[PDB]
Structure formats: C-alpha cells, structure tokens
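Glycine gets a Cβ as well: all are built from the backbone with ideal geometry, and neighbour counts include every protein chain shown. What follows is calculated from the coordinates using simple rules that are stated; it is not laboratory data.
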Amino acid sequence: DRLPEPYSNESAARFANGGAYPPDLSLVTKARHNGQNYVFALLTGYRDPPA
Amino acid sequence: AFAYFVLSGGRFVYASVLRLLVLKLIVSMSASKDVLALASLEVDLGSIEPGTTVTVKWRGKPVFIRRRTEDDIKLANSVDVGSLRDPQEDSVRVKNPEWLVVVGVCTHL
Amino acid sequence: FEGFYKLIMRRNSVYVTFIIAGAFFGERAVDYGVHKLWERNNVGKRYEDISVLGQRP
Amino acid sequence: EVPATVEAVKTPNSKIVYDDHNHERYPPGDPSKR
Amino acid sequence: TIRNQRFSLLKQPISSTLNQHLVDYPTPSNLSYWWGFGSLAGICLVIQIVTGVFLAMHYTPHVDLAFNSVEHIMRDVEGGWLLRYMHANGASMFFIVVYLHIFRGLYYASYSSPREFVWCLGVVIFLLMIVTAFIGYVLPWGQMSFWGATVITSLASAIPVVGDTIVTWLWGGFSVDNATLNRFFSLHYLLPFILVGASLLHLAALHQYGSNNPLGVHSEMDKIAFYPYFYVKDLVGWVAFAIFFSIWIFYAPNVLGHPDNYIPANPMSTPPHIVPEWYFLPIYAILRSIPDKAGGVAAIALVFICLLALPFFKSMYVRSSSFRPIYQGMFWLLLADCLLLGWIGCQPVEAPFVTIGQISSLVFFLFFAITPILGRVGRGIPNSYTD
Amino acid sequence: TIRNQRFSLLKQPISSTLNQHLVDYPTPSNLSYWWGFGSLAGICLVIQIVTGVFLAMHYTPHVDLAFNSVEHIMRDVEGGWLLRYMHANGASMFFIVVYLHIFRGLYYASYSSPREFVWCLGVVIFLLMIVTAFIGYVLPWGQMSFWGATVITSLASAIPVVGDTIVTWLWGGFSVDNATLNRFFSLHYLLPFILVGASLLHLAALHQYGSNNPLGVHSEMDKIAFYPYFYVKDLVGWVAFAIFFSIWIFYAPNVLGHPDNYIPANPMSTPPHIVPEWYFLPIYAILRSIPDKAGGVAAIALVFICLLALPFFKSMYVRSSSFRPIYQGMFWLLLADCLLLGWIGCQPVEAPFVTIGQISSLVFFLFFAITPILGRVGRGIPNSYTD
Amino acid sequence: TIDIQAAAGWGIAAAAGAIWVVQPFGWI
Amino acid sequence: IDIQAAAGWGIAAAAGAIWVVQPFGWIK
Amino acid sequence: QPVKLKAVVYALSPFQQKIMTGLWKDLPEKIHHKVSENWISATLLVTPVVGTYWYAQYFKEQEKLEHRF
Amino acid sequence: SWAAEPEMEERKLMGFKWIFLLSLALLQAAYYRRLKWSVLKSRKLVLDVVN
Amino acid sequence: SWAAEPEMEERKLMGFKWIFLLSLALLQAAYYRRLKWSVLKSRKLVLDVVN
Amino acid sequence: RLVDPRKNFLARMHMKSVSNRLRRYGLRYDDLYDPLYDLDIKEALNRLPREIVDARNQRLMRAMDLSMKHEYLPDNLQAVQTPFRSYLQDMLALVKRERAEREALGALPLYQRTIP
Ligand SMILES: CCCCCCCCCCCCCCCCCC(=O)O[C@@H](COC(=O)CCCCCCCCCCCCCCC)COP(=O)(O)OCC[N+](C)(C)C
Ligand SMILES: CCCCCCCCCCCCCCCCCC(=O)O[C@@H](COC(=O)CCCCCCCCCCCCCCC)COP(=O)(O)OC[C@H](O)CO
Ligand code: HEM
Ligand code: HEM
Ligand code: HEM
Ligand code: HEM
Ligand SMILES: COC1=C(OC)C(=O)C(C/C=C(\C)CC/C=C(/C)CC/C=C(\C)CC/C=C(\C)CCC=C(C)C)=C(C)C1=O
Ligand SMILES: COC1=C(OC)C(=O)C(C/C=C(\C)CC/C=C(\C)CC/C=C(\C)CC/C=C(/C)CCC=C(C)C)=C(C)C1=O
Ligand code: FES
C-alpha cells in the first residue's frame, strides 16, 4: 500500500488549509531549486518580518 | 484528342481520392465531438478583500477578479487612450465601477 | 610479453576466450574494490548500523 | 640538376631517417613490439 | 559521351538512383498481373503506417482505457471509424496480397537460383508481418485480444529449462496485464519501420538480378523500362485493390473479424471459441494437430525452416510450372491443402477435424519433402526425352 | 581483371555497398577530432531511439497517468532510473554534439560549394531535432511541459486570418489537454525515424564529394581509407563522450533541467519562471527580443532562412578560417553572441536584458548579412596582394 | 586436422561467453 | 512563355487552393 | 578524377616505434604555440561574454540599491 | 443496432459514391494501360530462327 | 531526499565503477589510435616542389 | 584603394598574416583555389601546363602531410617559399571573360555543374 492521504482530494486540502494546498512531498527536494537546502532553511526559517 | 478526354476523366477521380484521403487524415486531428461537447457553462462567485485577486476556473482557462480601490480607479482613469496600442477606457471594460472581471490568459501566447 | 603471446595470442579463439575471461574477472574485481571504498567511506551510515533496527514498538 | 624523387629512386638508402615529431623509433633491429 | 552540359534532369546526381532503380529499371516484357502484388504489398504497408500513426494520436495503451479509447475513435473522432476500419481491414488486405505474392513465387519457382536471398528476405518479412499483426490485434484489449495474448506468450513454455522464465519476462509479470499491453504497443509502433527496411533490402536483392518471368527463361533480349509500362500495369491493380478494399471498409467492415473482440477483456471467463485472425488460421491448425505442446512448437518452427530451405535444395534447371506438369499439380494440391488448413483452424478441436488437420499438415510438409526428389529425378529429363 | 573467382568477401555483392561506403571510403588524412562529431551525433540518435523504445514500454500517454508512469519508470522497473536519465540527458548530449558539429561546419565553411545540399539537409535535420525534442519534453506532463506546449502551439496564432484555427487544430480542442498529449506521443515515436532517414540522405550527399578538411583545399592527393584510421579516431571520441555522458547520468542527472517539471501540470497556475530546455534558449531569446508576436515568429523563421541561404551566397573561393583572419574573428564573435543569447533566454524579461537580447539578436543576423560582403570584397585579394 | 581444433576453440569461446552474459551461478 | 506560364501556374495554384480548402462562406 | 602524383614515401612499421611518449614531448613549445597563435581568437570569444555578464550584474546591483528605502 | 453502429448511414453514403467513382477510375486505368502497351502488343517481330 | 531519489546509492556506485573503467578504456583507445596512425605520422614524404 | 597594402596598413597586416599562414604550410594562395568549388577553376586548371599543375599537387600533398603530422615546414624551407607567386588568376580571369562572352551572345555554356 502507498502511504495514506490526509485529505480526500485537493479541494478538501485547500478547505482545511485556508485555501492553500500543501503539496505532495514525494519529490519536493527535486521539485525546488537547491531543494534540500531550501526545505531545511524554510522549516527552520520562521522569524519576525522586517520592519 | 479523344485519348486526352478519356484520361482527363479518370484523373478527375484520382485527384478527388487524393483530396478525400488527405482531408480525412487532417480532420481526424480536429477537435473530437466530446471535446466540443464541453464548451459551454457558467458559474457563480462570492466576494473578496478590496485590493487582492482570486483566480477562478472555466474550460481550461482561469478568470481574474479584482475589486479596485478609489486610488486604484484614479490610476486606471488617467491613461491616454491614444498612447495605448489597444485604445479602450476602463469604463467600457467594466460593468461595475470597482469590480474588474476579465479572462486571465495572456493575449500573446 | 612474448611467452604469454605464445599461449594466448597464437589463436584468435583462445584470445577471444581470454578477452571474455578478462571482462568477467576484471569487472568482478573492480566491483569488489569499489564496494570496499564505499563501505570504508560511509562507516556507521548503513541500514544494518541502525541501533534500534528491529526495535520499533 | 636532378629532382629529389629521381635521385631517391636511383639511389637506395639503407640509412633512412623517419619523421620524429610525433613518434620516436626504437633502435633498428629491435624485437617487434607486437 | 562527355557530360559537360546537363542533359535530362532524371540523369543528374539528385535523381540518378531513383531514375535507375525505379524509372528506367529493365523489366521482362511478359510479366503478368501476378507480378503486380509486390507493389500492392508496399502500398498496404504504407496504408497501415499512415493510418496507425494517425490512430495512435487517439489510442491509450492502458488496460483501463484501451477498449474505451478504441470506441472513442469509432464514435468521437471525426473520420475515426474510417481510420479504424481501414487499419483493421488493411491488415487483412496486407495478408491477402502477401499470400498471393508468396504463391506466385511458389508456382514460378521464383525462389530458385540466383534469387535465393530474395526468398529468404521474404520469409523474414513474413515473420515480421505475423509478429506485427498479432501484437496489433492485442491493442483493442477485447476478449480475443487478451486470450490470444495469453497463448502466444505461453509458447515459450515449451522450452524445458528457461521456458517459464521466458514466459514471465515477455509478460512482465505473472499474467497478461497492463505491462504486456504497454510493451506490445511500443513493439507495435517499432516493428513496421523494421518491415519497411526489410522490404527495401528485399527489393534491392531482387534488383541485383531482376525479376523472373512466367516462362522462367533468361529475359535479357526482351526487357523494357518499368516506367511507364509496368507503372500503368500496376496502377490497374491498385485501382482494383481500392475497389475491393472499399467494399470491405464501407459495406462489410466486421465480417473479417470476430464479434468477441467487441467484449471487454475478462481474465475470469473464457470465450468458448477462442480464434485468431483468419490469416493466422493455417499456422494455428498445424499447431493444434500435434498432440504434444513441444511437438506443436517444433512443427510451427519447421514450417519456416522448410520455407527457408526451399531455395537451396538441389533441383532441376527448369523453373516455370508452365513446363513442369507434376510440380504444377503439386502446386494446386498445396494451395488446396493450405485453404483446408485455414478452414480446419476455425473448426473446434473435435472429430473429424483433428484427423483432417493432421493429414493436411502432413501433406503440407510432404510438398517440401517431395520437391527435392522431383528436382533430382527431373535432372535426367533432357537425356531421356531426346529427338 | 576478370572476376572469375571470389576474392575478399568485402568485395562480394553481399558486402560491397557497405565496404565502399564504410570501410574503403576515401577520407582526407588531415581531418581533426572536429570531424568526429557526425559519428557522435549518429550514436546519440541510436541511443535516443533504443532508450525511447524501452521507455515507451512503460509510459502511459494520458494526463491522468503520464507523470505517474514516469515516476513508476524511476522507482519500479529495474534499471528504469538509468533508462530515463539516459534518454533525458541524451537529448542534451545530442544537442551539444550537433552544435559542435554545426560550428565546425561554420568555421571551415563546409557549407560552401560543392557541399550546399549537405548543409541544407543538415538544416532540415536541425528543424526535425528541435520538433522531436520539444514534443518529447511535453510527455512527462509536468508544469514545464504543459506551459511550453501552450506557448509553442500558440505560436501559430501569429498568422492573422487562420492562426487561431491552426492553434485549435494543433490542440485538438480549446486548450492543451489529453488530445494534445496523445498526438504529441505518436509524433514523438514517428519523427526519430524520419530523422534517421534524413541523416542517411545527409551522409549520401556528403559522400557525393567527400569531406572538407581543416585546410579547406582540394584533398584528392592525400586520402586514406575510413577503416581503420578514422574508425579508431572516432572510437577515441566515442569513449570520451561516454565518460562525459556517464558523468552527467550518474552524478548530475538533473543539473541540465528545471525542478518545475517534477511538479504535475497545473492548468490554473503558470510558474513564476517558465523556460524551455537549455538547447532552445537562443531561439527563445531571439523570439523575446522582438516586442511583437508576428515579428518574433518571423525572426524565428528568418533564423532558418539565413541558415538555408548561407551556402548560396556569392563568396570568395577560400574556405577555411585558417586563411581568413576577418571571417575567423567574426566566427569567434558569433560563438560569443550565441552563448550570450542562450544565457539571456534564461533571464526574466526585464532590464537590462531586453536591450542586451535585442543587440545580441542584431549581431547574430549581422553575421549572415556580413559574410556575403566579405566574400565579394575578398574576391579581389589575389589581385591586390602581389608577390 | 585444424578445422576440428578451430571448432573446439570456438566452442570453448561460445561456452565462456554464455556463462559470462547469463551468469548462472545461483542456478548451478 | 515565361509570363503567360507564370500566370497559368498561379491560376492553377489558386484553383487548387480553392478546391482543397473549400471556404465557401469566407467570400465576406 | 584520379590525380597523377610523383612522390617517394618511406614508412616504419607501427611495432618499431614508441606510441605514447610523443604526447608529452616538447610540451612547453606546444603550450607556446597554442597561446601565441590563438590569443586574439580567445579574446574575441571571452571578452564579450564576460563583459556582458559583468555589466548585467552591475546593473542589477545598482537597480536593487536604488529601490531600497 | 443504431447504438452499436451510429456511423452506418454516412459510411454507406460514402461506399456508394466511392465504388461508383473508383469503378470509373478502373475503366480509365484499363484504357490507359492498353493505350500505352498497344505499341508493344501490335508490333511485328522478325527473326531468323525457326526452331 | 531519500524519498525523491531512492536510487541514489546504486547510481553513485555504478557511476564510480563505470567512469573508472571508461577512463581505462580511453587510455587504451588513445594507444590503439596512435598505434594505427604511427605509420602515417612518422612517414617521410619526398616531393619535387619547392615553392 | 583600401585593399592595397602599399596604402592601407590594415591591408598590409592582413597580407602579412595570410603570407605567414601560407608559408608555414608551403602553400601558395592559388593552391587554396579548389576545382570542386567552381567549374571555371576546373577549366582554368585544365588549361595550365602539366608542370604547373604537378607542382600544385605536390605542394598540396606536402601541406596535407604537414597538417596530418601537426607540424610546419622547417624554417629553412619557410625562407624560400613564395606564398603570393601567382599561376592561376590570369587563366581564371580569361576563362570567366570567355564565359561572359558566350552568355552575352546567347550560346550554350561550355560546361555545367552537376545537380547534387
Ligand atoms: C592475468 C594476465 C593479465 C590480464 C590482463 C591483461 C591486460 C592488462 C591490461 C594492460 C596492462 C598494461 C598496460 C600497459 C603498461 C605499460 C605502461 C606504459 O609504459 O605505457 C605504454 C603505453 O601503454 C598505455 O598507453 C596504457 C594502456 C593501458 C590500457 C588500460 C588497461 C585496462 C586494464 C583492464 C583490467 C581489467 C579491468 C577492467 C575489466 C572490465 C607506453 O607505450 P610506448 O610509448 O610505446 O613505450 C614507451 C617506452 N617505454 C616502454 C620505455 C616506456
Ligand atoms: C557575429 C558577427 C559580428 C559582427 C561584427 C560587427 C562588424 C565587424 C566585422 C569585422 C569582424 C571583426 C573581427 C575582425 C578582426 C579579426 C582579428 C584579425 O584579423 O587580426 C589579424 C591581424 O591582421 C589583420 O587581419 C588586420 C587587418 C585589418 C582589416 C584590414 C581590411 C583590409 C582587408 C579587406 C579584405 C576583405 C576580405 C578579407 C578575408 C579575410 C590576426 O593576425 P594573425 O592571427 O595572423 O597573427 C597575429 C597574432 O598576434 C597571432 O595570432
Ligand atoms: C512486405 C511484404 C512484401 C513486399 C512489399 C514485397 C515486395 C516485392 C516487390 C515489389 C517485388 C518485385 C515485384 C514483384 O514481382 O512483385 C517482389 C518480388 C519478390 N518477392 Fe516480395 N514482397 C514482400 C513479401 C514477400 C514474401 C513474404 C516473399 C516470400 C517468402 C516474397 C518473395 C518475393 C520473390 C521471390 C520475389 C521475386 C519474384 C519474381 O521475380 O518472380 N516477398 N517483392
Ligand atoms: C507504425 C505503424 C503503425 C502504428 C503506429 C499502428 C498503430 C496501431 C494502433 C494504435 C492500433 C490500435 C487501435 C485499433 O485497434 O484500431 C493498432 C491496431 C492494429 N494494428 Fe496497427 N499500427 C501500425 C502498423 C501496423 C501494421 C503494419 C499492421 C499489419 C501487419 C498492423 C496491424 C494492426 C492490427 C491487426 C490491429 C488491431 C486492429 C483492430 O482490430 O482494432 N498495424 N495499430
Ligand atoms: C523512436 C524513438 C523515441 C521514442 C520511442 C521516444 C520515447 C519517449 C518517451 C516514452 C518519453 C517519455 C518518458 C520520459 O520522459 O522519460 C520520451 C521523453 C523524451 N524524449 Fe523521447 N523517444 C524517442 C526519441 C527521442 C529523440 C530522438 C529525442 C531527441 C531529439 C528525444 C527526446 C526526448 C525528451 C527531451 C524527452 C523528455 C525527457 C524528460 O524530461 O523526461 N526522444 N521519449
Ligand atoms: C542528427 C544530426 C546529424 C548527423 C547524424 C550528421 C552526420 C554527419 C556525418 C557523419 C558527417 C561526416 C563526418 C563529419 O564531418 O563529422 C557530417 C558532415 C557534415 N554535416 Fe552533418 N549531421 C547532423 C547534423 C547536421 C547539421 C544540423 C548540419 C548543419 C546545419 C550539418 C552539416 C554538415 C556538413 C556541412 C558536413 C560536412 C563537413 C565537412 O565536410 O567538413 N549536419 N554530418
Ligand atoms: C516560454 O515559452 C517557450 C517555451 O516554453 C517553455 C519553449 O519551450 C520554447 C522552445 C521551443 C522552440 C525553440 C521551438 C519549437 C518549434 C516547433 C516548430 C514546434 C512546433 C511543432 C509542434 C507543436 C508539433 C508539430 C505538429 C505536427 C507536424 C502535426 C501533425 C500533422 C500531420 C501529420 C498531418 C520557446 C521558444 C518558448 O518561447
Ligand atoms: C566514410 O564513411 C563513414 C563516415 O565518414 C563520412 C562516417 O562518418 C561514419 C559514421 C556515420 C553515420 C552512420 C552516422 C549517421 C547517422 C545516422 C544514420 C544515425 C541512424 C543510425 C542507424 C539506425 C543506421 C541506419 C542504417 C541502416 C542500414 C539501418 C540498419 C542498421 C542498424 C539497425 C544500426 C561512418 C560509419 C563511415 O564509415
Ligand atoms: S505568453 Fe504572455 S507574453 Fe508570451
């Protein structure tokens, strides 16, 4: 079996996340420029906005 | 001269057959009956904040919605029509003073 | 190399068999050496080195 | 005067010098490298 | 002549090879309409390629969609029913024109020296035609497609050691499934271009010596140019073939096939009458007749071995059946036997058809067993029949 | 001599054509490694065809399955990752090799008489390669695939009266959808075979007169057989190319690509950066340098018009850049300009890149505008530079 | 009496090549 | 024989275009 | 058309010569020759590319600085 | 019957028209072949051989 | 990163092995080419012409 | 005249560069003219004396040998080369004038290029 899906479809995901769709993470490190570094920086890079 | 007439006869048919086969091949790539079936429908919408946009869906084509502010209308109603490559005023394009609804596909490509 | 020539290169059939054997054995030897280098360079990172392997509750 | 090709054909040379820019020859009479 | 100036454009290097191999090529003046089926075969190949390329733009090679995509062509593609019927019946047309070609070759002894290589290339082309048409018949994914795929891919199981391994490799799994269909579709796009190349090599090999003629004699003293004489002769056959093909396409599009392929494939149930296309029926009858699985596969391969060995058998020096009455009778018996084998293949496996098929396959092989002895005996005809 | 007996099997009719076109063909002894790239491009074409035939066994051309079928090739079929990385980076290797080939031809003026037809067939081949690679890039059905297909099919709308009907005929509908993908799959199987035929014609045209050489002079006095000398030289080239390709395949399989195509196609959202493959970027730059639809399409067509008209310019009688200092310098400027156009195509359409792209496009066209002037003026060199 | 030796040599070569492509060590 | 032939072959091409593509309705 | 040539060619067997040492023989002269003959060509290839790249980066940096509050 | 074969009428209308036209073409092609071959078929050949 | 590229370790092992082997093959190919060409490159050519 | 090296120093540098390049290979500028480029060159080559054409072919063979060997002529042979000593241009101009005369009177050309 494949890993389970949190939601029944993309519309349900958007409805549960304020209209945004959490993308499938199976290829996310290949689907972004400098993927591994980008994902690590994003996850650990929440901070206060500039003035 | 008799022989040209008999030969022109069958050459008519050969040309017709060539044209038929080529045109059948060409038209087979045109839009299928089921594709043409899904080419007409309308939907409804809601509302959004004054200054943001939300794309909506149609056949395979996004549709843009942007309710504009007062200063936005001031900016949009101060451009010379002559300088525009497609001369058209904002008032003509909009059915509402601030609600701007438009098909969101680039006219280039 | 003339002594080895008199045993391997006098007949093309022997030469061809020698080429087949060299491909086989040399590819095996290179594979073994590459795997040795790989193991030596990645000590502790293998699946078989997971401390808790078999211990998921 | 006699052109060079005629002289070469008329006078066999046992002291031949080959071009050496790309390859240097083994000493003459060396065993073949086959 | 010193070619300082340009003469006729056909003799310029831009078209000299097409002028020499296609326009001015010398051809025996007495060639009959029986010699116009090679060009018909070529036109059938071209028709198949063009129609298949345009059909592949709408077909989906997936088990959940293949049948429905074929019905979507029939129903939704503008001109789609004509693309399908032309391709499906085109396949039958190719086999008709190629069978007549082969039997023309057998009656005139066209396989004999110096044209042995032509015949061997033809046999390879026949094998390629069979594989191509079979895998193509599986694409619709109906009942006949699925069960026909299940048998021919099991023929490798006759091999004792690696047979099951070969079966499961060809399947891509433990049963006929989506992997089999996808790989069949890929093979079925590729094989026709190999068939085009093989046909080109076939024609080149034939043009090394030129065509044999209905008298079977040396023909250098009465050769003429292919264009326009044999061009117009072939055009008559092309138009007649068009009428025949149009009758099949427009008025009897499905009588050459079976209704069972209009049922979606069911791996659970099995049709009570699992047959191949009609053009594989004689082979399938020769297969069913032997009562051992291995013996059947052997017999199928022996058919092509016999075809390949025919040119090389020491023979008499006379070619045409026109002057070989006994070989002529053997021909008319072989043709009846092949039509009998094809009919028997459509019959269920039950008496009396089993024995009839066994006798018919025996006679088919006797033709090839008996031809060499006839050649050896007939080498003595000129000594015996004197003035 | 009278050929009563059989000599070398190579000179027998079975082998003679291959021998005279492949083993004994006279070749100028001074050909550099820059003459290795035609054989390299031939090997790239064969690699693409073999890998693509095997990949088509597992790929499903449907919008609901294509992305997943690629992923299944990568993850499930054994050696699938290798087959995919080989096809995807072999397209890039094909284009690198063909670019090196085209620039050898430009530097030695290999397009000049009597080899004009060779150059024109090469231009046709380049067009075929571009179309093949583009429609192949659509097949994974990622974001890049969908949006690139959108714009390239939209290109036809530049035609005023019938442009829209051509766009909608290419799509098979009112948008890029499953019909587009399915027809693009069929075309992708077909075009490689036409490429093979065009390459064979290219080679035959080249053997009409033989290869040009780095001196650009008549070479009939010092020719040597292809086998073995240029066989072993091309083998050195083949092994070096294999090392290069292997570096790309095994260690940097995705550097010559964009991560956007690992996102499934979303017809709602265009990605912020939308570019073709690297080998199309110069044409992209020339297209975007024109602030006009029809102007851009016309510039794209004018690129190939100039490439086709290059061999027919009245030129001087000196070929090689080795003896033409001005043309040689203009060659190294054109090479820099093409590299700049490629880099510009990768940039967003904004300052300063619009001006740089416009100037680069102008320089590119100035090359082809200035070469005929150079030929006309240099015709007078032998009368002005007296001994 | 050299054609027989050539046949034996080429048979050894063919066997060596067979064991080398298919490598049936887990089956023997 | 050069201008008359060009006119004739242009007329033939235009007729063939009208015959292959049949836009009876585009005369607007 | 065949050419009519008059020439004398002497050749040594490949197995009587050193095959590889000629690659690293008078290397500095080879480098001298490649640099001396090719420096204009190399300048014309490299200078436009590097100059255009540097100017583009300079423009981007100044534009970014100008839009900063 | 209609549901299984919805294209029957167009197909039949095409088969009538095209068989009539192709039969006309076959007549023309026969005349063309015979006209081209008449110069060869009516020729008088004179040789010295008898048997 | 493992999820996006699960074949990475096999790919790198293959790459190291075959790049090493192909480098050996390139050295052999260079020797082969130069062996075949040495008879041409070391040849002494005598011709009548001067200027 | 801008092409004359006696007046334009750029033309003088151009000539010196070409002369050095030709001298390295022992080639004459006329040796670069190929009979396969133009039919008029083929005709002019055929009108020249056997000795001129023989020396041309020998120079071409020597140059091809040097090109194959990645070597230039020894400096002592470079000192006696005559890169711009002409043998072809006058004959070629005469051939072109004769062809122009034939065309101006409506005659058929004496030779034609084959269509490839
Ligand atoms: C069990 C028996 C051995 C089985 C293996 C047989 C094959 C062995 C592979 C060859 C190994 C020896 C390689 C040459 C050693 C000599 C090195 C050398 O000096 O360079 C040579 C040239 O040799 C080369 O160019 C190197 C080519 C090596 C080819 C690469 C070998 C491949 C190894 C295969 C191993 C199997 C693993 C792969 C399996 C797939 C110089 O040639 P010259 O210039 O003509 O002479 C110079 C004069 N003087 C002698 C004085 C120096
Ligand atoms: C992509 C298109 C670019 C468009 C460019 C815009 C318009 C410019 C067009 C001109 C091309 C620019 C490059 C021209 C200069 C090339 C460099 C050069 O030729 O210098 C030579 C120097 O000699 C010259 O050629 C200078 C001549 C100046 C121009 C004089 C014009 C009169 C000649 C007209 C003849 C016309 C036909 C000539 C055919 C070659 C090189 O000398 P060398 O290599 O032999 O050795 C010296 C070096 O140190 C060692 O390598
Ligand atoms: C794709 C299928 C085929 C094509 C397109 C084809 C094409 C041709 C053509 C054009 C000719 C020359 C003209 C003629 O006599 O018909 C020819 C001759 C011949 N073909 Fe075929 N052929 C095909 C299959 C076969 C097969 C399967 C065989 C036999 C096994 C065969 C055997 C021959 C022979 C013997 C000749 C010489 C005939 C003679 O000179 O009398 N061909 N073929
Ligand atoms: C490159 C050329 C070809 C392509 C792209 C092609 C493609 C296709 C496709 C997509 C189908 C499935 C749709 C359908 O069944 O109608 C099909 C079916 C078929 N093809 Fe082909 N084909 C080609 C050539 C050939 C050739 C040469 C033959 C004959 C030997 C052949 C015989 C068949 C058969 C028998 C079927 C099954 C038809 C049916 O009953 O529906 N094809 N082909
Ligand atoms: C008949 C031969 C060919 C076949 C059957 C074929 C088949 C395929 C298939 C099935 C795909 C989709 C799977 C994938 O993305 O990896 C594909 C993709 C592709 N093909 Fe081909 N191909 C052929 C020849 C070529 C040639 C000659 C080129 C280059 C000119 C080419 C370039 C491409 C490209 C660029 C892609 C997209 C690769 C990617 O990003 O994944 N193909 N091909
Ligand atoms: C699939 C792509 C191609 C293949 C397989 C191919 C093949 C070849 C081969 C084998 C040669 C002879 C050996 C060599 O000179 O390297 C050659 C020569 C040549 N090619 Fe191509 N080629 C291709 C594309 C092109 C293109 C795109 C052009 C130009 C637009 C072109 C123009 C030429 C020219 C002018 C020559 C003559 C070279 C000379 O004599 O110096 N080719 N080609
Ligand atoms: C952002 O934008 C852009 C892209 O996106 C990312 C691109 O990728 C490209 C890359 C495209 C280039 C360089 C040119 C492509 C050129 C051609 C000619 C492709 C067009 C052909 C197609 C679509 C298929 C041909 C169809 C046929 C033959 C129909 C078959 C019909 C019959 C057999 C009857 C460019 C320029 C671009 O600006
Ligand atoms: C003196 O001449 C020679 C050259 O110098 C001019 C060469 O450059 C080349 C190399 C040239 C070639 C063949 C590259 C051209 C590219 C092509 C045609 C790629 C397509 C390849 C295929 C499928 C081969 C097509 C040929 C046939 C008969 C099909 C059957 C073969 C196969 C299945 C492989 C060779 C061998 C050569 O000696
Ligand atoms: S598609 Fe919008 S500008 Fe090109």
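Yes or no, residue by residue, for (1) more than 8 Å from chain F (Cβ to nearest Cβ); (2) charged (D, E, K, R):
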| site | (1), (2) |
| --- | --- |
| K:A3 | yes, no |
| K:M8 | yes, no |
| K:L21 | yes, no |
| K:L26 | no, no |
| K:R33 | no, yes |
| K:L47 | yes, no |
| K:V50 | yes, no |
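Taking each residue of the stretch F:90-111 that is of a type in the set (D, E, K, R) and looking for partners that are within 10 Å of ligand 6 (Cβ to nearest atom) and not in a helix (DSSP H, G or I) with beta-carbon atoms closer than 8 Å, six or more apart or interchain, yields F:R104/F:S110.
Only residues that are within 16 Å of ligand 9 (Cβ to nearest atom), aliphatic (A, V, I, L, M) and either surrounded by 15 or more Cβ atoms within 10 Å (Cβ to Cβ) or away from every other protein chain (no Cβ under 14 Å) (or both) were counted across the stretch F:275-321, and they come to 11. Name the residues in the stretch K:15-51 that are farther than 26 Å from L:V80 by Cα and charged (D, E, K, R), would you? Correct list: K:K17, K:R33, K:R34, K:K36.
Within the stretch L:65-99, being in contact with a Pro (Cβ under 9 Å, 6 or more places away or on another chain) and small (G, A, S) holds for L:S67, L:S86. Looking only at residues in the stretch F:181-223 that are in contact with a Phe, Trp or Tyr (Cβ under 7 Å, 6 or more places away or on another chain) and under 19 Å from E:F185 (Cβ atoms), the one that is surrounded by the most Cβ atoms within 10 Å (Cβ to Cβ) is F:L181. Scanning the stretch L:47-75 for residues being without any contact (Cβ under 8 Å) to a residue 24 or more places away in the chain and either more than 17 Å from L:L27 (Cβ to Cβ) or of a type in the set (V, I, T) (or both) gives a total of 4.
Criterion first (more than 16 Å from ligand 6 (Cβ to nearest atom) and in contact with a helix residue (DSSP H, G or I) (Cβ under 6 Å, 6 or more places away or on another chain)) does F:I135 satisfy it? So F:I135 passes the test. If you go through the stretch F:241-274 and keep only what is away from every other protein chain (no Cβ under 11 Å) and among the β-branched types (V, I, T), you end up with just F:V255. Here F:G216 clears all of (1) touching a strand residue (DSSP E or B) at 6+ places or on another chain (Cβ under 8 Å); (2) within 16 Å of ligand 2 (Cβ to nearest atom) except the condition numbered (1). Considered as a group, the residues in the stretch F:336-365 that are touching a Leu at 6+ places or on another chain (Cβ under 6 Å) and closer than 30 Å to F:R319 by Cα include one that is farthest from the other protein chains (Cβ to nearest Cβ), and that residue is F:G342.
Residue-wise test of (1) exposed (fewer than 13 other Cβ atoms within 10 Å of the Cβ); (2) more than 30 Å from E:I49 (Cβ to Cβ); (3) within 16 Å of ligand 4 (Cβ to nearest atom); (4) not basic (K, R).
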| site | (1), (2), (3), (4) |
| --- | --- |
| B:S16 | no, no, no, yes |
| B:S30 | no, no, no, yes |
| B:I48 | no, yes, no, yes |
| B:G51 | yes, yes, no, yes |
| B:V54 | no, yes, no, yes |
| B:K57 | yes, yes, no, no |
| B:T107 | yes, yes, no, yes |
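Only a single item in (1) within 14 Å of chain F (Cβ to nearest Cβ); (2) within 23 Å of E:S211 (Cβ to Cβ) is not met by E:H62, and it is number (2). Reported count of residues in the stretch L:23-38, each being of a type in the set (A, V, I, L, M) and either out of contact with any helix residue (DSSP H, G or I) (no Cβ under 9 Å at 6 or more places or on another chain) or buried (at least 22 other Cβ atoms within 10 Å of the Cβ) (or both), is 2. Once the stretch G:16-28 is narrowed to residues that are at the interface with another protein chain (Cβ under 9 Å from one of its Cβ atoms) and in a helix (DSSP H, G or I), the residue that is surrounded by the fewest Cβ atoms within 10 Å (Cβ to Cβ) is G:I19.
Does E:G172 satisfy the criteria of being away from ligand 6 (no atom under 16 Å from the Cβ), within 14 Å of chain J (Cβ to nearest Cβ) and crowded, with 18+ Cβ neighbours inside 10 Å? So E:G172 does not fit the description; no. Within the stretch E:17-49, being under 19 Å from E:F245 (Cα atoms) and either within 16 Å of ligand 6 (Cβ to nearest atom) or touching a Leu at 6+ places or on another chain (Cβ under 7 Å) (or both) holds for E:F37, E:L45.
Residue-by-condition table, conditions (1) more than 13 Å from ligand 5 (Cβ to nearest atom); (2) more than 14 Å from chain K (Cβ to nearest Cβ); (3) among the charged types (D, E, K, R):
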{"site": "F:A198", "(1), (2), (3)": "no, yes, no"}
{"site": "F:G210", "(1), (2), (3)": "yes, yes, no"}
{"site": "F:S219", "(1), (2), (3)": "yes, yes, no"}
{"site": "F:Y231", "(1), (2), (3)": "yes, no, no"}
{"site": "F:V239", "(1), (2), (3)": "yes, no, no"}
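Only one of the listed residues (L:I52, L:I115) is hydrophobic (A, V, I, L, M, F, W, C), over 30 Å from F:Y33 (Cβ atoms) and part of a helix (DSSP H, G or I). That residue is L:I52.
Within the stretch E:15-61, the set of residues being assigned to a helix (DSSP H, G or I), more than 30 Å from B:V27 (Cα to Cα) and among the aliphatic types (A, V, I, L, M) comprises E:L18, E:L22, E:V23. If the condition is being over 30 Å from K:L35 (Cβ atoms) and surrounded by 11 or more Cβ atoms within 10 Å (Cβ to Cβ), then the stretch I:19-49 contributes I:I40, I:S41, I:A42, I:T43, I:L44, I:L45, I:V46, I:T47, I:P48, I:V49. Of all the numbered requirements in (1) touching a residue at least 60 places away in the same chain (Cβ under 8 Å); (2) within 14 Å of chain L (Cβ to nearest Cβ), F:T371 misses one, and that requirement is (2). For L:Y111, the conditions (1) within 14 Å of chain K (Cβ to nearest Cβ); (2) touching a helix residue (DSSP H, G or I) at 6+ places or on another chain (Cβ under 7 Å); (3) hydroxyl-bearing (S, T, Y) are fulfilled apart from (1).
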